[PDB]
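As they're listed, the protein sequences go chains B and A. FYI, the numbering for the first sequence is 2 to 111, 117 to 403, going by the entry's author numbering. Following the entry's author numbering, the numbering of the second sequence begins with 2 at its first residue and continues without gaps. Beneath this line is the structure, given in structure tokens, with notes to follow.
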Amino acid sequence: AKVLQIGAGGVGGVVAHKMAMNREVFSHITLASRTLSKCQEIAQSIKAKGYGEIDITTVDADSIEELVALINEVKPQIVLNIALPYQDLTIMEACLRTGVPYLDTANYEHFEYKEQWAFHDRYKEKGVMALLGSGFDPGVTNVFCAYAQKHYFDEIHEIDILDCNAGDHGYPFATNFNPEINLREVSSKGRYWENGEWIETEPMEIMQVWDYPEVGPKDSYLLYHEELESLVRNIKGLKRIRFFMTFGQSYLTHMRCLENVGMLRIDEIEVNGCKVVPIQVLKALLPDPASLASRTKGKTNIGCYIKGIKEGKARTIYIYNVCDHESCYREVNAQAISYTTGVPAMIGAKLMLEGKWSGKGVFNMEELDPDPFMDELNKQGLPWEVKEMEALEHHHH
Amino acid sequence: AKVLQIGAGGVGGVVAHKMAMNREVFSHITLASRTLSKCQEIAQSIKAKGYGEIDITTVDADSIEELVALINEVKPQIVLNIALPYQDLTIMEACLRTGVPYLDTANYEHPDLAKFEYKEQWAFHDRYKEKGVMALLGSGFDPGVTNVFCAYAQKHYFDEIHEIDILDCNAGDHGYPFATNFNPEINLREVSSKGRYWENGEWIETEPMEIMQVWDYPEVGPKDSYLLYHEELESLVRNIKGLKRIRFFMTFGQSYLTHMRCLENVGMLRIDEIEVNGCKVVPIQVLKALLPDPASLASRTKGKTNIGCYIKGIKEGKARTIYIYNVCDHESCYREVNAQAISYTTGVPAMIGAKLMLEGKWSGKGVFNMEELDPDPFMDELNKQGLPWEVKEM
Numbered sequence: 002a003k004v005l006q007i008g009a010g011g012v013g014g015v016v017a018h019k020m021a022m023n024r025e026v027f028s029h030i031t032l033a034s035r036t037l038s039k040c041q042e043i044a045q046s047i048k049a050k051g052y053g054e055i056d057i058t059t060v061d062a063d064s065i066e067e068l069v070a071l072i073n074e075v076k077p078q079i080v081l082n083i084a085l086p087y088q089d090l091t092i093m094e095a096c097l098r099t100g101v102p103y104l105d106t107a108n109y110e111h117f118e119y120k121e122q123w124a125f126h127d128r129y130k131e132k133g134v135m136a137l138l139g140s141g142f143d144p145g146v147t148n149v150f151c152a153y154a155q156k157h158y159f160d161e162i163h164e165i166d167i168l169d170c171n172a173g174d175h176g177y178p179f180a181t182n183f184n185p186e187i188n189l190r191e192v193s194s195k196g197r198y199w200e201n202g203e204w205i206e207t208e209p210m211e212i213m214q215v216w217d218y219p220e221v222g223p224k225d226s227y228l229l230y231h232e233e234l235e236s237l238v239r240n241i242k243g244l245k246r247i248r249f250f251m252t253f254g255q256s257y258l259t260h261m262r263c264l265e266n267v268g269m270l271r272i273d274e275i276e277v278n279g280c281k282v283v284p285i286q287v288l289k290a291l292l293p294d295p296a297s298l299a300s301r302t303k304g305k306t307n308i309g310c311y312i313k314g315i316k317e318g319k320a321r322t323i324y325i326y327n328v329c330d331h332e333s334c335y336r337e338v339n340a341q342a343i344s345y346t347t348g349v350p351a352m353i354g355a356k357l358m359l360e361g362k363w364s365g366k367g368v369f370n371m372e373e374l375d376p377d378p379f380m381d382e383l384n385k386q387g388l389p390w391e392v393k394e395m396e397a398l399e400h401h402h403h
Numbered sequence: 002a003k004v005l006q007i008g009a010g011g012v013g014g015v016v017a018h019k020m021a022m023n024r025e026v027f028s029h030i031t032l033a034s035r036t037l038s039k040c041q042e043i044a045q046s047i048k049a050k051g052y053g054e055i056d057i058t059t060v061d062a063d064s065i066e067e068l069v070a071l072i073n074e075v076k077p078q079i080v081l082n083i084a085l086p087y088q089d090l091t092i093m094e095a096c097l098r099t100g101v102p103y104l105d106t107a108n109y110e111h112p113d114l115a116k117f118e119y120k121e122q123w124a125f126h127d128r129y130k131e132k133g134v135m136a137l138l139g140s141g142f143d144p145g146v147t148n149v150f151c152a153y154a155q156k157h158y159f160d161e162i163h164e165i166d167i168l169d170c171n172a173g174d175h176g177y178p179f180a181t182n183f184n185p186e187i188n189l190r191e192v193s194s195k196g197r198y199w200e201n202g203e204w205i206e207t208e209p210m211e212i213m214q215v216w217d218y219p220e221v222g223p224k225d226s227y228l229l230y231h232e233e234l235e236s237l238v239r240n241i242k243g244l245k246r247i248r249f250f251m252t253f254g255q256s257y258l259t260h261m262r263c264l265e266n267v268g269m270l271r272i273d274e275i276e277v278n279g280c281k282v283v284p285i286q287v288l289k290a291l292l293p294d295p296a297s298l299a300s301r302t303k304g305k306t307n308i309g310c311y312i313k314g315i316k317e318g319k320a321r322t323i324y325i326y327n328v329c330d331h332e333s334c335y336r337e338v339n340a341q342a343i344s345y346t347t348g349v350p351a352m353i354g355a356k357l358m359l360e361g362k363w364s365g366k367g368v369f370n371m372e373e374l375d376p377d378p379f380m381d382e383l384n385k386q387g388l389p390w391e392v393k394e395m
């Protein structure tokens with residue numbers, strides 16, 4: 002098949018590499034990004050590791066007419082949106098007009119699903135499929151849930167998503183993304199769902215020490231996360247769902263200190279005559295995020311702790327995946343964060359092009375059969391585990 | 002008498018003010034500097050407070066000719082050097098040539114090194130004595146008052162002093178998450194320098210900020226105190242007899258140290274230029290632009306400071322321990338002389354040293370450190386100029 006991928010960032014790289022490692026499904030690969038050089042750098046690594054060639058081009062993903070044009074010239078069977086979230090809607094419109102399947106790893110943001123779910127009837131009518139959040143979280147976390155709902159429970163009551171990155175880059179402080187993102191995670195109020203109500207919290211207000219398998223105990227804080235919005239819709243009998251994420255104390259200290267002196271401001275200021283932007287100086291001071299991939303060591307562990315009922319008795323399982331940073335860099339020239347997000351995308355595409363995951367309209371992961379997806383994960387470098395946990399019942403006569 | 006002050010920084014404004022409050026001795030005041038706006042700031046506060054007028058003029062304290070010329074024009078009876086430490090030598094040469102008494106509050110430091118010592122200044126002794134001129138070194142609180150406290154205890158409370166612990170605490174709060182009173186480069190050297198103290202005729206170094214102890218400062222409470230080196234240790238080991246050990250400890254909040262280390266880590270304290278969208282940018286200059294203006298802090302600082310000496314020795318065959326100290330309130334310092342307690346505790350003492358020389362209560366020919374002179378008239382002026390002290394029998 003001929004595929005067109007948009008986006009050459011860290012995740013974008015892993016996706017292209019993984020597609021180049023499955024040439025029986027992805028025969029002709031076209032990679033398009035705003036900056037041509039990023040695309041070249043990826044082709045360079047793909048070629049060097051012996052995975053073949055890939056066509057590279059650029060494009061203004063903000064222009065529908067341009068995207069339509071590019072799609073009409075390449076004639077792809079599926080378009081992978083591994084680009085910025087603020088381009089979902091324009092890429093989806095292009096796909097709708099050309100009648101070509103769509104897949105992305107993050108919802109719209111100018117973040118919720120409303121805008122994307124809005125393309126549903128138009129997609130179904132055009133006879134086109136659109137898959138959403140095909141990453142690890144959202145994505146594999148969604149599949150773990152649907153898979154658990156299919157083979158381990160009759161009813162799922164509580165779901166906790168636990169995301170931990172123990173990776174260590176060797177620097178006092180260094181961010182993997184654009185500082186504005188890191189600030190947003192710890193600045194936004196936390197949100198979760200219980201008994202059909204969305205409950206908010208103060209930023210980083212709720213924390214627990216969870217012992218992540220193969221990693222050990224870590225402080226885990228409660229944050230909002232996009233899959234919570236589709237899981238409450240799909241998992242039947244759900245009473246509560248929360249999302250937790252790992253946060254080292256050293257890291258939280260640097261962020262707060264930087265924010266305190268205003269090193270995270272976006273407005274301009276006068277510095278010896280010339281106008282400068284606080285956060286831009288930070289980006290220029292912190293080490294290059296690209297270079298962190300070869301220095302990061304340690305493991306990551308993301309998964310779901312699920313409590314429900316099975317054959318009338320309480321049950322509790324823990325489905326998760328552990329990934330090693332150094333291994334990821336050796337295989338696809340990227341760290342575990344990009345890796346865990348990129349493989350699931352390659353898989354969702356593979357499934358869609360093979361017909362194991364077909365439909366007409368816009369879909370979330372939990373809506374499709376997880377079995378073929380779960381088999382691929384064990385084969386593509388993201389082996390998962392199911393661990394039976396303590397499930398105590400209290401009878402009262 | 003006519004006096005000449007060089008420099009118009011925080012301490013400088015305090016010195017000028019206090020001098021303006023003692024016209025009996027300082028009847029004509031001239032403030033030499035390279036920053037008019039700063040002098041203007043000070044002159045306005047002095048006038049509005051009812052303490053008269055002062056003459057501001059400009060001069061480059063790097064030029065010996067300018068100084069000599071300025072001094073020959075003004076005919077001052079004393080020159081108060083409240084300028085930068087690297088300028089100590091040029092101002093001393095000028096005073097020497099014009100035969101005018103000299104006084105400063107910080108010892109010489111070459112701009113190329115971070116080493117501050119008395120060597121260069123002590124080397125002027127014979128020329129000053131021969132010329133019949135007096136030079137008083139480090140006339141601030143520490144060094145300065147701490148030295149007098151020690152000379153005081155040795156004259157009245159001990160036959161022999163064996164141990165001195167100089168404790169400096171600033172409990173002040175400017176309300177901001179983080180903010181310095183000085184050029185960040187300075188706050189950074191304070192905590193980057195090796196620690197150093199003296200024991201049994203020997204100098205002992207430590208890793209920066211290694212030794213620390215919780216000390217309960219009167220009117221302030223228990224604070225984490227760290228062992229730092231300080232300039233008065235160098236003269237005190239010379240002048241205090243029987244001394245076995247001397248150490249300097251300074252207070253440091255945890256939040257403060259956290260911000261400092263964090264900032265130094267991401268590179269916000271670098272002085273070199275980096276590129277930012279094709280534009281050369283000095284990190285620390287961006288930091289100075291984000292932090293509040295040091296001048297605006299004086300009016301926002303609340304809280305106290307406690308500086309003193311913990312002394313143990315022998316008095317009439319028996320062991321004895323005394324604690325001499327001073328407590329200064331930040332807000333009171335702002336109301337009275339338009340400055341914070343850091344500036345105030347260093348400034349008032351410089352004024353008293355000049356007062357004692359101009360009245361002749363402290364007279365000698367050559368270069369002198371505070372502990373070589375009679376501390377009584379100094380200790381008296383302290384109770385009278387806003388730095389009342391207390392002696393606590395341990």
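Beta carbons: idealized from backbone N, C-alpha and C, even for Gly.
Using a C-beta cut-off of 8 Å, the region 284-299 of chain A makes contact with the region 176-190 of chain A, since at least three inter-stretch Cβ pairs fall below that distance. In this chain, A:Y109 is not harboured by any alpha helix (DSSP H), its DSSP state being neither H nor E.
Buried is the label assigned to B:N82, since at least 16 other Cβ atoms lie within 10 Å of its Cβ. Judged by pairs of C-beta atoms under 8 Å, the region 324-344 of chain B touches the region 302-309 of chain B, as three or more such pairs exist.
Annotated three-state conformation of A:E54 is coil, per DSSP. Under the Cβ criterion (8 Å, minimum of three pairs), the region 88-108 of chain B does not count as touching the region 210-228 of chain B. Within the same chain, and ignoring the five residues on either side of A:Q155 in sequence, the residues whose Cβ sits closer than 7 Å to its Cβ are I162, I241. B:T106 and B:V12 do touch by the CB rule: their CB atoms are close to 7 Å apart, below 8 Å. In the DSSP assignment, B:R248 falls within the beta strand (DSSP E) that extends over 246-252. By the beta-carbon neighbour count (other beta carbons within 10 angstroms, threshold 16), B:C280 is exposed.
In this structure, A:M352 places its C-beta atom within 8 Å of the C-beta atom of A:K19. If you check each beta-carbon in the region 261-276 of chain B against every beta-carbon of chain A, the ones closer than 8 Å belong to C263, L264, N266, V267, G268, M269, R271, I275, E276. Close partners of A:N278 in chain B (Cβ separation under 7 Å): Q286. In the DSSP assignment, B:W363 falls outside any alpha helix (DSSP H) and carries neither an H nor an E.
Note on A:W199: 16 or more other CB atoms within 10 angstroms of its CB, so buried under the neighbour-count rule. Non-local beta-carbon contacts of A:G133 in its own chain, meaning distances under 6 Å to residues more than five positions away in sequence, involve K366 in chain order. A290, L291, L292: these are the residues of the region 289-306 of chain B whose beta carbon lies less than 7 Å from some beta carbon of chain A, given in chain order.
Taking a 10 Å sphere around the C-beta of B:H157, we find fewer than 16 other C-beta atoms and assign the residue as exposed. Between B:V75 and chain A, the shortest Cβ-Cβ separation is not below 8 Å. Listed in chain order, the positions of the region 162-179 of chain B with a beta carbon within less than 9 Å of a beta carbon of chain A are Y177, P178, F179. Any Cβ of chain A closer than 8 Å to the Cβ of B:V282 would place that residue at the interface, and such an atom is present. For the region 242-262 of chain B, the residues whose beta carbon sits under 7 Å from a beta carbon of chain A are, in order, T259, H260. The beta carbon of A:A84 sits closer than 6 Å to the beta carbons of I7, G8, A62 from its chain, once the five residues preceding and following it are set aside; these are given in chain order.
Annotation: the region 219-303 of chain B contains the following complete segments of the alpha helix (DSSP H) (minimum length 4 residues), in chain order: 234-240, 255-266, 284-291, 295-298.
Excluding five sequence positions before and after A:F369, the CB atoms of its chain that fall closer than 8 Å to its own CB belong to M135, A136, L137, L138, given in chain order.
Assigned with DSSP and collapsed to three states, A:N73 falls in helix.
Under the 10 Å beta carbon count, B:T181 is surrounded by 16 or more other beta carbons and is classified as buried. Residues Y158, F159, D160 of the same chain have their beta carbon placed closer than 8 Å to that of A:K316, with the five preceding and five following residues left out of the count. Boundaries for A:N148: no beta strand (DSSP E) harbours it, while the alpha helix (DSSP H) harbouring it runs 146-157, taken from the DSSP string.
Counting only runs of 4+ residues, the alpha helix (DSSP H) found wholly inside the region 157-202 of chain B occupies 185-193, in chain order. Rounded to whole angstroms, the separation of the alpha carbons of A:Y153 and A:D377 is 7 Å. DSSP, reduced to helix, strand and coil, places A:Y87 within a helical segment of the structure shown. Within the region 313-388 of chain B, the complete beta strand (DSSP E) segments of 3 residues or longer fall at 319-330, 367-370, listed in chain order. B:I47 and A:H175 have their alpha carbons spaced roughly 56 Å apart. Ranked by Cα distance from A:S344, the first of A:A70, A:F379, A:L388 is A:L388.
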